[PDB]
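A short write-up of the structure that comes next.
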Amino acid sequence: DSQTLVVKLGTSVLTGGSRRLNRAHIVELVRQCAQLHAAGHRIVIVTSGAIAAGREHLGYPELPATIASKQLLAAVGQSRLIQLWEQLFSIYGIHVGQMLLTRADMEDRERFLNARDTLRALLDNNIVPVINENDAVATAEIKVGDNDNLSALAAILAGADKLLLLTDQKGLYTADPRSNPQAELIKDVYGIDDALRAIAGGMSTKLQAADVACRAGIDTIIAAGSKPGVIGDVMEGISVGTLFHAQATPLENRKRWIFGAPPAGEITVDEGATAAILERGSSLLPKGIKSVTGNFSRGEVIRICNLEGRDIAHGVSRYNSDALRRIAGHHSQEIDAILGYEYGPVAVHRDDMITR
Amino acid sequence: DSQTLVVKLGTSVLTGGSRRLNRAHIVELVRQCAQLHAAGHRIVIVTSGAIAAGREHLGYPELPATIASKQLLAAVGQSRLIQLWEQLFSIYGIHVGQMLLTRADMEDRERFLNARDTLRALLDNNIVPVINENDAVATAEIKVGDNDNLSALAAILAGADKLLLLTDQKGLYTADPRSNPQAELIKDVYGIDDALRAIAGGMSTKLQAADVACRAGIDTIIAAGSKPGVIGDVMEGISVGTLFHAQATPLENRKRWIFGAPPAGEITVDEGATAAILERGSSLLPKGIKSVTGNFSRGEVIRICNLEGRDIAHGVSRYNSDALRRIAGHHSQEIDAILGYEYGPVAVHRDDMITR
Amino acid sequence: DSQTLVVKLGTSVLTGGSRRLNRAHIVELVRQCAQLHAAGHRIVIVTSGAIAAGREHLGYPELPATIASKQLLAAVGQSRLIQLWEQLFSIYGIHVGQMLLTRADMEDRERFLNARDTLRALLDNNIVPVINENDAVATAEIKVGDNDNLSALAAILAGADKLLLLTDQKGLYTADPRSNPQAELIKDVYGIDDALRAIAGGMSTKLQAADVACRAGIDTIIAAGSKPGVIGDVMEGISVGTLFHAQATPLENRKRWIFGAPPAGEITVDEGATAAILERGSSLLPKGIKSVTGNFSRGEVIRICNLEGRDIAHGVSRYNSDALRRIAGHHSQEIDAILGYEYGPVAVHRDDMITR
Amino acid sequence: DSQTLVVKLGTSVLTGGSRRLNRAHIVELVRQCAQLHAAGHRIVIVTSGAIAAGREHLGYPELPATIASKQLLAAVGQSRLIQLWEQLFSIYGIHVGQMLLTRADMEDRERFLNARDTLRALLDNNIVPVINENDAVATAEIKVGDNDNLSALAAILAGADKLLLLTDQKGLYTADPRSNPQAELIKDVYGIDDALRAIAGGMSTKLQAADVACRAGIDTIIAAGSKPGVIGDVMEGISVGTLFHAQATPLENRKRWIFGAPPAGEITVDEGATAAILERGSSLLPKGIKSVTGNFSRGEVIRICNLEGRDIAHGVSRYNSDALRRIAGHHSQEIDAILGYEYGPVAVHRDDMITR
Amino acid sequence: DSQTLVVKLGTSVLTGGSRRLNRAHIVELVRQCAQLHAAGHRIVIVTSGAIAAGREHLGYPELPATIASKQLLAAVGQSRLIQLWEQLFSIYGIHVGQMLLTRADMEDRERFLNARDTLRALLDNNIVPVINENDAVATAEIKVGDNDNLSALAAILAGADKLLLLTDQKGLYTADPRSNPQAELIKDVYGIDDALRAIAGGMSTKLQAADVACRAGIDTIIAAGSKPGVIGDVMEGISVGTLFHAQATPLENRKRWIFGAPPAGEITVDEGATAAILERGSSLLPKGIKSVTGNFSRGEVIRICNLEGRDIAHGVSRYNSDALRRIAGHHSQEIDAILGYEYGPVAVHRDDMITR
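Residue numbers (full-length UniProt numbering), protein chains in the order written: chain A, 3 to 203, 213 to 367; chain B, 3 to 203, 213 to 367; chain C, 3 to 203, 213 to 367; chain D, 3 to 203, 213 to 367; chain E, 3 to 203, 213 to 367.
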């Protein structure tokens, strides 16, 4: 039962509050993640703290406290941090891939598909992808976000089963633990309500990310990074901190994604392909394509109809309208010859359409 | 209560029986050693497996099975292994210094003193020294030995309190554990006897090293590398394997070292340094020297006598006879100007002399 | 026509007088050496400046000006310098190997043979050997030498054709170039006479090294490191600086080495082996051996005589007397089975004997 | 949704009725299997016809028609056929492993476990295992069986989802197709009854194997080898021939396997391990073992009880009683050190007990 | 004077201590075996090292150190090693047959007979049988045995005259050759005793195999694989290593085998067959069979009595009781017609019977 887990590490966890990175905690977490990976699970890491790496690499220079200095430090520390991550993960024989993503890329239909394909390839080739925010084109408000929303976006993109948010605190408490001895850590949360938001006054960003993940059908866990073996316990299901149960199911999220917008086009599908899609729930092949109507790009939701014209399914196109028209009615092995490139042997994946 | 601990790691422990180094076990042991170092103790590491590092670095070439190939692989793997040790120890902010030693250097009087000085400087500057055998000028008869005797020699050189020999077995057993369910692990050994040698049939080299270490007053412990927290337990004194108690005391070993060979010279000492040596057991400074007789080199044992001629102490010279003659009666700050170099402010250290 | 070249790089050349290594000059020299290596020649590098690398790696600490500090710095600088050398040589796809040597090993009969075998293996497997001085057991007087004599010793050990000593000066001048405008660069030297040592007043160590190398039949060239393409021009025979012609031939040096000491033993050789040795000048195999008389270690010069008893040749034994006695009369492929190790298929190599 | 499919190929299918193997059909089936493997599935191949390979390799000698000749031909053709299979599978970059199994081995408790572990390793390392019957120790009656029962045994061992029995005929017919034009191929069979046995008079062996597989909870399909794309259609679920539905569930088969015999021993399990087994259904670790009672070998079903002695589960031991006693209470990484070998880090796998 | 020889080659001999098979040594040994085969003798080869072949074929993958990995490697190395053996033997025009056997097969009465018949057919058709342990169903303790006991079992099965065990050492030594120069090679051994077992400490397995072979009346020789022409000298009779003379005679071994267990049945034999058995020592034919009493399987020891009921001989049945009952009193040419198969033209072979 292999599962996909996304781990978010804040700068406070990585540095321990100091000016530099604390590599002992990082290597312990890497050991736990390597155990999980060897167990057969898929791990995706979202990290931060490139500024500390940049400061360390430059010999801690005396720079003015401007956003330009922060951008410079982030630019150097991106490379420095990826190098550190690969050095630490090479101890257990695990390769690391770098991903620089922004929210605008998530919004775009085609860029989302490209990022999903790249991440899926990375995961299928047993490579742990390290995902950070592209600070080259980011703003200060995005910098204050600390990749919290980015973690939820990455979890949605990867289709992960659990999302773990490591922080300094043990999780969510009923009241202030310092003032109230009776204040207790909340264990299970089923619905994020305004009362919970009032209780926790970047914990608010963590709650927002947890709500976003839960609305997509992904369980969210908030725990303390300093807790030993926290990742393994989260993987096993043992309670270590505040848990946010998934409000919906992944199929609901797929329906929401497919039917969120009206179709941008329609294509004609032969009878055999129609039967395969309906009876067996198979993906759509370019051979069964008979006619392409309208104009659209790769990743846009399109309408699928049989020869009779009846709506049979709604799905996401893996090719643009022109390419689909050109490769219609050909064997999947000739797509590269016809187009000069290939996005895969299928026109619409089975998991990417809703049959109706 | 700072103590000096020497850890010996065979190729079996490092590689786990494979063709390549297993870095998970090594990083765990490094974590334990770093905890001990942070606790304030001094750690010296004797390592092997340069051949494995050389094989891995060269892309595993198909070299002929010859001693020349082994020397080739050792030459490359020395640098590769020191690099690996430095990378692993830098995680906890600890620097690593390389030292290559042979038994011939230990036998020599002057080279022993030079190696001791280098190791003492490394230990005083909070740097973990990594000791290996110089395979460029080595022979196969010690290549089969796997640094077992070199570990004891290094323990003697460093003035260590405990010597730990990590191995595959849990230690020493009364009988064969496989054949005899009643066979149990021997916990304490006070005198290495012929019966013990007959019991263990390469445990023989480890027994010889343990005997050599115990004869010099150093406790020897044999344990299993795979045992979790072995180094910490050994440091605390908890029983984890076969323990060989020290048959002698460090004072006895010093007496043996001083009186092992006849004095190679004699020096004359004024009354002030005589009172310093006798009443307080202080070291000897070049100011107190009045006359130097005989020819000797650095490290030779010399005879110390007062103005009358009565013998007061025997000690190990830190300068050769010519240098002592040239710097006699001068302040310690002028040694560098007079000679062009210096070996310290004292002519004979208090710990290298025996008052009588 | 492959040739063996030994390049000695002092600390002044490596650092340019600064406190840290200047990697631009080093990478240029590495480019020249890589060109020569790809051309089919054999390159041996004698380096220095470990103290600079140790200072740089430690963050330039405020160590007291003591020899203990120098040894402390060298202990880390050795590893750092070898890492730098391998990084620079890996650009041109050339592997490197570390060899730590002392003059005492060169004086020894057996350690000399072991070092020669290791170096020959390194050279035959297309690996550039980097030779330095073992500072763990070295003295201050050796430290002030700066590997001038070690360079000549390594040149003799490697059987090199040319020894190149890079320095700051352009070469050797008849008079002081600064004071006397007409003072010019001496081009060729045929004998190091008293006048030459009078002219050059640390140039004296370089003259001593050149004398040692030329006495063994190796051409010594003194040039300036900053000169562009100096190594290539030295290889092609162009004049770039003072050249010291070889006073003797390698055959004369071999005779001096063989007949320097009386033979330590004697062996009896078959008539077939006699025919191989006398007419054809071949090596000696263990099959032809019948009786070994006397006790000797590996590397000792022994006497070879036929069955009737007359001397035929004197050579250097590759095995000790006991091993030769045990393996005499067996095929060369059984040596490992008989002894548990081997030093090669021949008992006395052709180049290590003088037929008479 | 990866699935494990076992394909059995008879001699008639491989040779097409000729004296020699017909490699065109074999390479077509290999192409289909390679497509399935690249799709992410697991394939196990049971083959025959080694006698034909032996005849072809020996140049078709004129041997007497005795069982000894057939045994010799099988002995040569085993190697020849494995070589042919690996050559054909290397075209698509798939490695092939050979396993020789007999029914008596499956009957043994320990040999069954060893074979299962070997097959699981082969499948997990993406290697197609080719399974045949060891004809060296087999009898003539076993030879007439044509690996039909062996195919079902291998399917049970691998835990396959479907079993395909290629044959000359299209499958099972209601009547004789030649005599009766109204005779039709039976598509689905839910229970093998005596009427079906009477209908088909080695088709009977095929029915026996199908019944054995169905009673184990594995679907059995009988089709014609000459049918194009038969394997792909079979795995996709398209009907191509007689289908035998699974009478029982895999959990029923596991219960039958576990409770077939009374436990041969009992062990004591700590409270934490008891909670892990009960609450989470995890496997048993050697650390949680507290006492081993009775004598048993690896693979035997044993009784698991908590500290209170209550019977909590029944499972299959991966180690013998002596090894379990010796390694009880130790961390899994020390099993190899204690025993000299390791059967895995767990005592009993979670799939290998029934919690009660 | 044709003789049968069994040669056992350990992994150390095959690989020379490296990670891969050294084919020069193997081809030399194959050349010697081919010369012997051409001379008219019979050769049986027992080999190991499938793990090395599996590692080489799979591109030396990085597998975890577990017995599962060893089984995975062996599953491919078996085919690779058989292919290598047949490739090397085809140079001299000799075919090779594969035989996978285990000790349990030797224990079984009928499997022993089947293996003996297969091996006899292979030998009679000038095919060298290559024998290895079936690692699919083997245990770790079987792997550590290195086919030593299996070699003796195969020698017993084949009825070989000599058994040759190639090893790294030159043979059995009175004392340690390294420590004691007076230690010499024990040329002849007539009885394996406690002192011999104490002298040699995997030499113990070799001694056990030699004892087993000697008690069966087969000479055992331990020599060094690297020795040139060892196989030819062994066949000729030259002393190349420790020789273990046969303690018993083949007739004694046959009597021990026959009378090891009481007869499982009895048959009635006509007077002509009785006369042939007693006077001429001929084998028993199905024609002379008069009655079959009791039930038994092929290979079981049965009791032979004449018409009067007097016991005449004890032998081993080549058929089961039912088959003998069915074919009793019929000609040998009709056995195949009656049974559909034939185990030979005789009921009990003369060499398998003991007249009494």
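For every residue, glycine included, the Cβ atom is placed at its ideal position computed from N, Cα and C.
Within 7 Å, strictly: CB atoms of residue i and residue j
i               : j               : result
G173 of chain A : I233 of chain A : yes
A117 of chain D : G79 of chain D  : no
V48 of chain C  : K10 of chain C  : yes
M246 of chain E : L31 of chain E  : no
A257 of chain C : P297 of chain C : no
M108 of chain B : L167 of chain B : no
Extent of the continuous alpha helix (DSSP H) run through residue i
i               : result
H59 of chain C  : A52 to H59
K266 of chain D : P261 to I269
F114 of chain D : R111 to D126
Candidates the options: closest to residue i by CA position
i               : options                           : result
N331 of chain B : B:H342, B:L350, B:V139 and B:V48  : B:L350
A160 of chain A : A:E143, A:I188 and A:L124         : A:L124
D362 of chain A : A:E345, A:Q344 and A:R329         : A:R329
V15 of chain A  : A:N128, A:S50 and A:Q34           : A:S50
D195 of chain C : C:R226, C:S181, C:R314 and C:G213 : C:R226
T304 of chain C : C:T285, C:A334, C:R291 and C:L289 : C:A334
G355 of chain B : C:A70, C:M101 and C:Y192          : C:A70
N151 of chain C : C:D3, C:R21 and C:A221            : C:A221
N136 of chain B : B:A26, B:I188 and B:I53           : B:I53
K189 of chain B : B:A162, B:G61, B:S181 and B:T231  : B:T231
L74 of chain E  : E:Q85, E:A200, E:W87 and E:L60    : E:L60
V327 of chain B : B:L198, B:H360 and B:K301         : B:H360
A287 of chain D : A:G283, A:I249 and A:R57          : A:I249
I229 of chain C : C:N264, C:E186, C:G240 and C:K238 : C:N264
Residues bridged to residue i [DSSP beta-bridge criterion]
i               : result
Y175 of chain C : C:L187
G326 of chain D : D:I313 and D:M364
Chain H contact residues for residue i, given Cβ-Cβ distances below 9 Å
i               : result
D119 of chain C : Absence of chain H from the displayed structure is noted, the protein chains being A, B, C, D and E.
Residue i at chain B interface by Cβ criterion, 7 Å
i               : result
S20 of chain E  : yes
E353 of chain D : no
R57 of chain A  : no
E30 of chain D  : no
Segment limits, beta strand (DSSP E) that includes residue i
i               : result
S302 of chain D : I300 to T304
Proximity test, Cβ basis, 7 Å: residue i and chain A
i               : result
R309 of chain B : no
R25 of chain B  : yes
Test: residue i CB closer than 7 Å to a CB of chain D
i               : result
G213 of chain E : no
CB contact check: residue i to chain E, cutoff 7 Å
i               : result
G203 of chain B : yes
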